[PDB]
Each structure stands twice: as C-alpha cells, then as structure tokens.
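J.: here is my input, please return the structure:
(2 chains, ligands or ions: 2)
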2 protein chains.
Amino acid sequence: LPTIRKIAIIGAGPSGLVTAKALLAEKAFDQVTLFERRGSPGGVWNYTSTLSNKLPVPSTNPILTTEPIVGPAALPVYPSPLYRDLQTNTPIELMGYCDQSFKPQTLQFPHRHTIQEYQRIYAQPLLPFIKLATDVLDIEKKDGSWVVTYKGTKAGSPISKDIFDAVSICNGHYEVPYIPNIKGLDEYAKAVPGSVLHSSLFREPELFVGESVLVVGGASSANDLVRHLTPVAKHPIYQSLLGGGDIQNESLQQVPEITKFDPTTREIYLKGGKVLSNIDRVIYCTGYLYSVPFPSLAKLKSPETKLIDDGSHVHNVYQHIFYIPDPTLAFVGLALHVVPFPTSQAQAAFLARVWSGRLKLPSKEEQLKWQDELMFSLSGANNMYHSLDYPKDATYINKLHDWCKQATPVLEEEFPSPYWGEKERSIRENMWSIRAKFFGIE
Amino acid sequence: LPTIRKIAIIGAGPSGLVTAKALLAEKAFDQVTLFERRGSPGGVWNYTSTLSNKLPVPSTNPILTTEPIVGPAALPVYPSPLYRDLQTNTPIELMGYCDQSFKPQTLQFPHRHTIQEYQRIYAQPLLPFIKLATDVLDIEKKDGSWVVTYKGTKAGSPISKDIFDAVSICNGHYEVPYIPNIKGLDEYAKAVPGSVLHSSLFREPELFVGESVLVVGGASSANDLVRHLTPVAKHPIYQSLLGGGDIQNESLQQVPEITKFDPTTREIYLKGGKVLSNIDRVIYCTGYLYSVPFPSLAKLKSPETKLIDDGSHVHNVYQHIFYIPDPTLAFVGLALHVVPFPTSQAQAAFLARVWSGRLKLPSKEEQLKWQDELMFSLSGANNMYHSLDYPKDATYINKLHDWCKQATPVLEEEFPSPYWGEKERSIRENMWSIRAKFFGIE
Ligand SMILES: Cc1cc2nc3c(=O)[nH]c(=O)nc-3n(C[C@H](O)[C@H](O)[C@H](O)COP(=O)(O)OP(=O)(O)OC[C@H]3O[C@@H](n4cnc5c(N)ncnc54)[C@H](O)[C@@H]3O)c2cc1C
Ligand SMILES: Cc1cc2nc3c(=O)[nH]c(=O)nc-3n(C[C@H](O)[C@H](O)[C@H](O)COP(=O)(O)OP(=O)(O)OC[C@H]3O[C@@H](n4cnc5c(N)ncnc54)[C@H](O)[C@@H]3O)c2cc1C
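T.: Numbering: from 1, shown residues only, chains lettered A, B, ... in the order given. Ligands and ions are numbered 1, 2, ... in the order given. Below, you will see the structure:
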C-alpha cells in the first residue's frame, strides 16, 4: 500500500532503534511504533544474571518460543546471551552509528558496560515511541494492511491488535539456540541436568573451576570460551572441531566432530575413534537459528512466499531487507559476520527512503534474480545466505549509501548513511588482527 | 598481635577493594587476601536482573542468611539491590577514589553502567588477590589469631579454614532488609505473593503500570521510587510518612504511618483514621539492617564485646573502624549518609597505617570514651550511630587525612588520603540541590 503512514517495528534493540530514527527522519510517516518484550530497549545489551529456564537439547526448530523468567515480584525477564566479562570483537572506529560516537578514552574493544551505556543514550529519545514490556504474538496481512497482534508482557494482559501499512522485523537472530541432534545427546543431557550447555547460558567462568570441559565448535564464540575457561577449568580443555584441529597442547586438545554420546558410560565418541570420558561440562558454541515466530508468517511454506524453513536464514528478502512478495514487510539486522550497528543503520537509511517513496525498488523480477544469483553462489550452504564477510559488507554498506544519496526530494536534514572509505575498509579487513593484538592473543 | 603480616578482607566491593590497595601500599604485609561470595568484585555494582527468592516479611533479624539463586547451569548469584534505570545521587566531583577519576564527558550523576565500569577498572589489578565465589561462614579468635572459615561457592565445595593476624570486614550493610513488624502484615503479605515488596526488589518500573501503589518511607530511596513510579502507576501514588506529609496532589498523596493491615478486607489502616483499599503493591523503602552473620561474632552479647544487637548499627567500633576489645578486627564502609568511595578510602588509608605500625591508636580507655560521647549525642537513636551527614563526613575524612600524614616512616609511594577543601565541602553541602537541579526535581 505505497503511501505508507503507519509503521510497526518489532524489537527495540540496536536494529529496531536505528530503524525508528531513520524512519522518523523521513518526516513522512504519521506513526512509527516500536514493540519490545523487554522492559527496556537495547536488545541483547541488557545484561542478565538470569539464565533461560529450559535449554532445548538438542535444538533444531527455529519456531521455538522464547520463555521468559517470571515471578510475582518482577517484570518478565528475557535473558540475554551476553556474559559478564564480555568485551567487543569490533573496534570503536567501526562499531556504533556514524552520528553518535564513543566518549573519549574508550577502549578500542570496550566492555559491554560501554555499549550498554551507548544503547541507553541512543534509545532515550525514542522511549515515547516504544511500547515496552509488550510481546508481538503474530503478524499477518488482513485486507489492505498488516495486523500485528500483541499482548502486554505482565501476567493478565489482554491480547490486543492494531493495523499498520508497513512492518519492520528487527527481532534479532541470537535467541533460539542451535544444538545439532547427535546420537544419544538428549538422554545424556537429561541424565545430568547441567552436563550440557550452550553459549547463551555462559555468564561467569568461575563456575567451571576444576571441571573438565568440552567446547564444541570452531567459530569465534568457541575460541573465546576456550580462552576464558583456560585459567579455571581442569587442564586440558577439549574442543570439537568439525574437521579437527592442529592444537594439541597441555591446556588445549582440539579433537574432531562428535559421533555419539553414550548415556550409560557417559563417554563422548569423536570421529576417528577417539573417545572422551569424565567430561563434567559439554558446551555447545554452535550459534543460533533465525526465527520468525509469528503463525501467519511461519505457516508460509511456498518457495515464493516462505520466510523460514530450517532457521539457517530468512528467505525471500531482497537485499536481505524487503520481502519480495510484499515489500511492506522488511527486515533489518539479518546480516551475518558484520559490524551490527553500522550495517543495520545502512539498511535503515535505505529502508526509510524506500518506504517514504523517495526511492524506488527495482522490478519484482529483478529482485528475484538477485536472490537467484545469491542462492547459486552459496552452493547449498544456506547458512551463509546473509553472510557479508569483508569485503562484502563494505561494498554493501557503500552500495546502500550511494542509492540513498539519489533520494528525492532532498530533505533539510538527511538521516546519515554510513560509508566506509579506504581507512575504514582497512580496519575492517584486519579487524581480527587488530583485535588479537589488542587482547594479546592468536 | 601487633606485627601483622597476614590480613583477611571480607568482601570485594568498593570498601574491600580500596582496603586491599591501601594495605598493599604499606609494603609491610606478606599476605592480603580478599574473600567474595560473588563471582566478581564491585559489590552492589553487579547489576542483577535476578531478585531474591524469598523476601522476609517482616524483617527485623540482622542475622538473616542471604540465600543466593542457584541452578545447575550457573554460578550462585547474589542479587544486588540496584535497579535498572539507576543514576547516582553523588556527583562525580566527589564520588570515586581520589587516585582514579572519571573519563571526560561523564554525566555529573551518571548511570550505574559508568560506576560498574569504574569498579571493574579499579578491581582488575586485585583479581589475583581475591578468592572469588567464596562465602566466609564464620570468624573467630582462636589461640593468637583469627580463624576465618569459608566454603567455596559452588555446589559441593568443602568447608575450609585459614588463620590471619587481622581481619577487615567490608561486607556492606544493604543486604538484610528492614521491614517493621506491623499488625497483620505477615498474613496480608502471604495472602497475595507479590502484594508487599521492599526497595531491594525493585528493578523495572513497567511492572507497576496501572497498579495502585503505596510507598512506605520518607528517605531518599522512597522519594526516588515515588518519582520513578509516577509515570506508570495508577494515579495517585500513596506514600506513608511517619509523621505524614504536606503533598496531597492528584499524582502524590502522602499519608501518615501504618497502624494495621487487615488481611480479610485487605485494607491498610493509617494513623489518624485514614484507610486505604485496593492497593495492588505496597513497597517498603525502609532501608536495611547492619549484619555480622558470623556465629563467633554474633554470639557476643556483652556491652563491652558485642558487635550486633538490633542491626541499627555495629557496636564497639572506635572511629567506626577498630573493634575496641581487639583492634585486629576492623570494619570499613559502615558510614551512613556519606559518599561511599571517598569515605571508605579515608578509613582504609588510616587502617593501613595503623595495622602496619606506622601509626598508633590512642589508649583503650580513650577509645571507649569516644564511643561514650557518641552514644550520648545519639539520644537513644542508635540507627544514627554511623551517620556522618555533612559537615561530619567532611570533618571526618579530613581528620583521618591529617592523622595519616603523621605516619612514619615516610614511604616512597604514599597511598593517597582524600581531603575535602573549601571547594569540595561546598559541593557536598549543596549536594542534594545540585542533584535536584541536575535531574530537574524538588
Ligand atoms: C554473546 C554475544 C556477543 C556479541 N558481541 C558483539 C560485539 O562485540 N559487537 C557487535 O557489533 N555485536 C555483538 N553482538 C551482536 C549483537 O546481536 C548486536 O550488538 C546487537 O544485539 C544488534 O541487535 P538487534 O536490534 O538487531 O537485535 P537484538 O526481545 O537481538 O534484538 C531484538 C529485540 O527485539 C525483541 N523482540 C524480538 N521479538 C519480539 C517479539 N515478538 N515481541 C517483542 N519483543 C521482541 C527482543 O527481545 C529484543 O529486545 C553480540 C551478541 C552476542 C549474543
Ligand atoms: C539501590 C542503591 C543505590 C546506591 N546508589 C549509590 C550512589 O549513587 N552513590 C554511592 O556512592 N553509593 C550508592 N550506593 C551505596 C553503595 O553501597 C556503594 O556504592 C557501594 O556498594 C559500597 O560498597 P562495599 O564494598 O562497602 O559494600 P558492598 O557479597 O555491599 O558490598 C560487599 C561485598 O562483600 C560480599 N560479602 C559480604 N559478606 C560476605 C561473606 N560472608 N562472604 C563472601 N562475600 C561476602 C558481598 O556479597 C559483596 O560482593 C547505593 C546502594 C544501593 C543499594
């Protein structure tokens, strides 16, 4: 319904917040409303000593409903995966929006305190636009608009409904855990309640002192955990790498992928015949699954209409933003292997100018071609669908920056579009080396 | 045992941490060990979405054992009373240690994020000196030293014991809630599980939207809550002031003290015959009780030996620091109505020079006189025992600063002693006005 006036935003985290600012800066919408289940904005940057009550083991269903921790004396809490001693893996010269910088004397890879404070400051002017402690239950096109059903968080809230011209989903993709279904893991897990964990549960390393641990995974998250646990867990720390690894020291023993979990002997069978025993904790650092837990959108199975299948990615989203069949439904924040704030802002700026009619999306056929060419380059590896590892992210954010400049008419105040010059791209290229040196590792 | 070499510190919060630095700066002790039940230092500045599991209602026993939240997947969590949107009520020009300042561009009354980050930085060099996730169970003089019994926090830790020459208690006094035993409060509370709260449980104001609330108390904490709840709770907000109050608007109705709680009609009887009904939440902002939960010290009841009686204060502590009968037992952080970090540091510097023999405490008789004169000035109001409201705190911190200068010999590196000049004292005198104007209130 082209002339958009009432927009709904699902999520008040970094993505939803920059989406609101970009949208409001268009001066063309009469209503920009944000919905957030948490009592406060900032998404995951809301550190919680509280852990999830029940970790699905295994977890392969991207529809899984996030169950908050409730009590009679508190507001429902939605645990965040951030741990206590966490520090960014993204430099201050790159992370964060281009129109709000970090106070001087900030560490290059600061503690989450700094980023949580960052979000707080960024979100403040938007509090009157957000409906806090409110869970969006479903989203569907009814008649000529989108009907978003939502129940206020808090025991006894009544289910409510409101129509919108457009809807922007910024619900994040690090909530529903991904733990591959191995042989005998379910049983092994239920046998000893805290024996199997997922990165989303980690908080304080002191829990693992003296314990013999097995970290499964080889991505950044798993390597971080191996380092964090090195000074407390019993030596050596075991790590399961799909293809195995080269590190076999006294403190780190990389081993190949897992074959089976023997519940009766509690032995862990690794490919190649190697067997592990007396493992106090097994920690799955195998990431998450994308999720669109809204019945009206989840039922869509059709190749041309579906959004979610296995949770490896969100399908049918041109440029990772607009739902091809109906571009009044868009997503911001889907990007993988990027610098979240700048990339989400890049998408927001573009999204804003497209929904206010100051920019035109190419034909539906060409959008589908973009998708076709992308799928082909993935070679069956759909979980790389949204991945924009450098230089893809740089090219991408600069591509959106140049499409925005073409917006018309030119507003007196133009919501900024980030752009990565030669100096920025360089830092992004050696980002992990800059990080490694900063923390003295690798 | 004068020549002190091995010192134990109970608590790794602001008080315990500055105590460690001061102690280690004396270069006279062979062992300075800190004990902390939490997995990390910083005391209350460890924000926790987690609330206490069972709020005693009423609460009048200062011996009450703090029960952490346990689970099989996490380290035991000791909930802190800090709420989500909290900002200091102490200016950056005054709070914080004199040898570590706030980064530039910090708000004068910053968010807890800033202070939590502050503590993190301050505590880092002390991590190797702290025994984390370890609860001290008891403290007693055995033979010629102090035997501190402690059990590692974490299911299945074995009870351990270690002897020390001196022990410094910095366990804080904002844990054990104080809720006066009124007529029919226990029953009224147990009838509807979340009907009665204490400030230590507050976290997110959105919980109280639409609810009719009664804040009981008139101190700073209660006024803060009244303001925080004004934009969400049903109007008006009720506040119970011991002597009643002058504000009776549409949003705030101050009423006199509570007489009885009628459990069958759930009506709240206020002195003067006024009666309240349909009160969804009653929130006690009546502070805390001091606590010395160590059997060997709690059993002491004697006028000349006792430490705790009703929890209104810690008795027999000269200058609020040294246990008169045995000055090898000291307390830091007991001060009330002060600026915590500077005041605790002031005491630490003094404590350090007294335990290393570079300063001499006056006779036992004179110490007891100091106490006698203090008790007399309190006029039965023992809960004002440690209160050093300006200008007492200024005079006090400057008094300790001048006694420290007299230490001998002069060390190459002297642990700083804070001093409040004319400029500092002025800010401390109008502290609440400076705060009121900063937040635009009063
Ligand atoms: C362990 C960890 C470490 C990280 N470290 C970094 C780092 O160093 N640097 C970096 O750049 N990024 C880091 N990230 C990435 C992080 O995702 C981003 O910084 C940031 O979270 C971007 O968030 P967003 O708004 O897209 O999503 P964030 O209930 O995920 O999320 C969304 C918000 O929408 C809400 N929401 C979702 N669905 C609903 C619904 N149906 N109803 C109501 N509310 C809903 C959520 O509860 C939340 O408040 C890390 C993340 C993790 C988990
Ligand atoms: C709601 C609130 C707001 C505040 N706002 C401010 C403010 O704006 N400015 C300000 O200056 N102050 C403020 N304060 C005051 C605050 O007390 C101080 O900033 C700071 O906490 C000083 O702490 P400490 O080390 O003396 O105690 P903090 O388990 O209290 O405490 C002690 C530490 O010792 C540990 N411990 C105690 N007993 C044991 C044991 N037996 N075994 C093991 N560990 C033990 C504790 O668990 C903790 O980690 C506020 C406090 C509250 C509760």
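J.: which residues sit in contact with the nearest residue to residue A:358 once chain neighbours are set aside?
T.: Leaving out its chain neighbours, the residue that sits closest to residue A:358 by C-beta to C-beta, 6 or more residues apart in numbering or on different chains is residue A:407, at 4.0 Å. The C-beta positions use only the backbone N, C-alpha and C, and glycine is treated the same way. Contacts for residue A:407 (C-beta atoms under 8 Å, 6 or more residues apart in numbering or on different chains) come out as A:353, A:358, A:359.
J.: among these, who's most crowded?
T.: Using other C-beta atoms under 10 Å in any protein chain shown as the neighbour criterion, residue A:353 leads the contacts of residue A:407 with 27 neighbours.
J.: with just CA atoms, put the host helix or strand of that residue into CSV.
T.: Applying DSSP states H and E as the criterion places residue A:353 in helix A:340-355. Output in CSV follows, covering the C-alpha atoms of helix A:340-355 (Å, rounded to 0.1, in the frame of the first residue of the first chain):
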residue,chain,number,x,y,z
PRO,A,340,26.0,-4.8,13.6
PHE,A,341,25.3,-1.1,14.3
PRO,A,342,26.8,0.4,11.1
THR,A,343,25.2,-2.3,8.9
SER,A,344,21.8,-2.0,10.4
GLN,A,345,21.9,1.7,10.0
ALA,A,346,22.9,1.3,6.4
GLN,A,347,19.8,-0.8,5.8
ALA,A,348,17.6,1.5,7.9
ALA,A,349,18.5,4.6,5.9
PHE,A,350,17.7,2.7,2.7
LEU,A,351,14.5,1.2,4.1
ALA,A,352,13.3,4.7,5.2
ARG,A,353,13.8,6.3,1.8
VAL,A,354,12.1,3.3,0.0
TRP,A,355,9.0,3.3,2.3
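J.: for it, which helices and strands make contact with it?
T.: Packed against helix A:340-355, as judged by 3 or more C-beta pairs under 8 Å, 6 or more residues apart in numbering or on different chains; DSSP states H and E, are the following elements: helix A:14-24, helix A:392-405.
J.: anything in it near ligand 1?
T.: Yes. On the criterion C-beta under 6 Å from any ligand atom, helix A:340-355 is in touch with ligand 1 at A:340, A:344.
J.: just the angle between that helix and helix A:14-24, please?
T.: Between helix A:340-355 and helix A:14-24, the angle comes out at 30 degrees (axes from the mean of the first three to the mean of the last three C-alpha atoms, to 10 degrees).
J.: just checking, next helix/strand downstream of helix A:340-355?
T.: Next along from helix A:340-355, by DSSP H and E: helix A:364-378.
J.: follow-up on the earlier one: just put the contacts of residue A:407 in JSON lines and tack on distance to ligand 2.
T.: Compiled in JSON lines, the contacts of residue A:407 are given as follows (distance: C-beta to the nearest ligand atom, whole Å):
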{"residue": "A:353", "distance to ligand 2": "44"}
{"residue": "A:358", "distance to ligand 2": "46"}
{"residue": "A:359", "distance to ligand 2": "48"}
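J.: from these, pick the one nearest residue B:84.
T.: residue A:353 (35.0 Å; C-beta to C-beta).
J.: need the contact list for the closest one.
T.: Shown in contact with residue A:353 (C-beta under 8 Å, 6+ apart): A:26, A:359, A:404, A:407.
J.: any idea how far it lies from residue A:45?
T.: 27 Å (C-beta to C-beta, to the nearest Å).
J.: and what of residue A:244?
T.: 35 Å.
J.: ok, now residue A:29?
T.: 26 Å.
J.: have a look at these two and say which one is more surrounded.
T.: residue A:45 (21 against 18).
J.: and that one, what is it in contact with?
T.: So, once contact is read as C-beta under 8 Å, 6+ apart, residue A:45 ends up touching A:13, A:14, A:80, A:82, A:112, A:115, A:116, A:118, A:119.
J.: what backbone torsions are found at the closest residue to ligand 1 within the stretch 151-300 of chain A?
T.: Nearest to ligand 1, among the residues of the stretch 151-300 of chain A, is residue A:172, at 2.1 Å (C-beta to the nearest ligand atom). When read as degrees, to the nearest 10, the backbone of residue A:172 gives phi 70, psi 160.
J.: quick one: contacts for it?
T.: Taking C-beta under 8 Å, 6+ apart, one finds A:11, A:13, A:15, A:43, A:44, A:333 in contact with residue A:172.
J.: also near ligand 2: which of those residues, exactly?
T.: Okay, of those, nothing touches ligand 2 (C-beta under 6 Å from any ligand atom).
J.: for those residues, which one is nearest chain B?
T.: residue A:44 (12.9 Å; C-beta to the nearest C-beta).
J.: would you list the phi and psi of that closest one?
T.: phi -60, psi -20.
J.: ditto for residue A:207
T.: Main-chain torsions, residue A:207, degrees, to the nearest 10: phi -60, psi -40.
J.: ok, and the closest non-adjacent residue to it?
T.: Per C-beta to C-beta, 6+ apart, closest to residue A:207 is residue B:75, 4.0 Å.
J.: and for the one you found, the neighbour number?
T.: Other residues close to residue B:75 by other C-beta under 10 Å number 24.
J.: what of residue A:344?
T.: Applying other C-beta under 10 Å, we find 27 other residues in the vicinity of residue A:344.
J.: got a list of what residue A:275 touches?
T.: Contacts here follow C-beta under 8 Å, 6+ apart; on that basis residue A:275 touches A:267, A:268, A:269.
J.: and if we set it to 10 Å?
T.: A:255, A:259, A:260, A:262, A:265, A:267, A:268, A:269 (C-beta atoms under 10 Å, 6 or more residues apart in numbering or on different chains).
J.: show me which of the residues you listed are buried.
T.: A:255, A:259, A:267, A:268, A:269 (16 or more other C-beta atoms under 10 Å in any protein chain shown).
J.: and the two most separated of the residues you listed?
T.: Pairwise across the buried ones among the contacts of residue A:275, and taking C-beta to C-beta, the largest span is found between A:255 and A:267, at 13.1 Å.
J.: quick check: neighbours shared by the two?
T.: Contacts common to residue A:255 and residue A:267, judged by C-beta under 10 Å, 6+ apart, are A:275, A:276.
J.: excluding its backbone neighbours, what's nearest residue A:159?
T.: residue A:151 (4.9 Å).
J.: around that neighbour, how many other residues sit close by?
T.: 15.
J.: so it sits in a strand?
T.: Yes. Counting by DSSP: H, G, I helix; E, B strand; the rest coil, residue A:151 is found in a strand.
J.: how long is stretch A:120-127 end to end?
T.: One end of stretch A:120-127 sits 10 Å from the other (C-alpha to C-alpha, to the nearest Å).
J.: and of the contacts of residue A:45, the nearest to ligand 2?
T.: Ligand 2 lies nearest to residue A:116 out of these, by C-beta to the nearest ligand atom, at 17.4 Å.
J.: on contacts alone, who are the packing partners of the strand or helix carrying that closest one?
T.: Here residue A:116, judged by DSSP H and E, is contained in helix A:112-123. Using 3 or more C-beta pairs under 10 Å, 6 or more residues apart in numbering or on different chains; DSSP states H and E, the elements in contact with helix A:112-123 are helix A:14-24, helix A:340-355, helix B:112-123.
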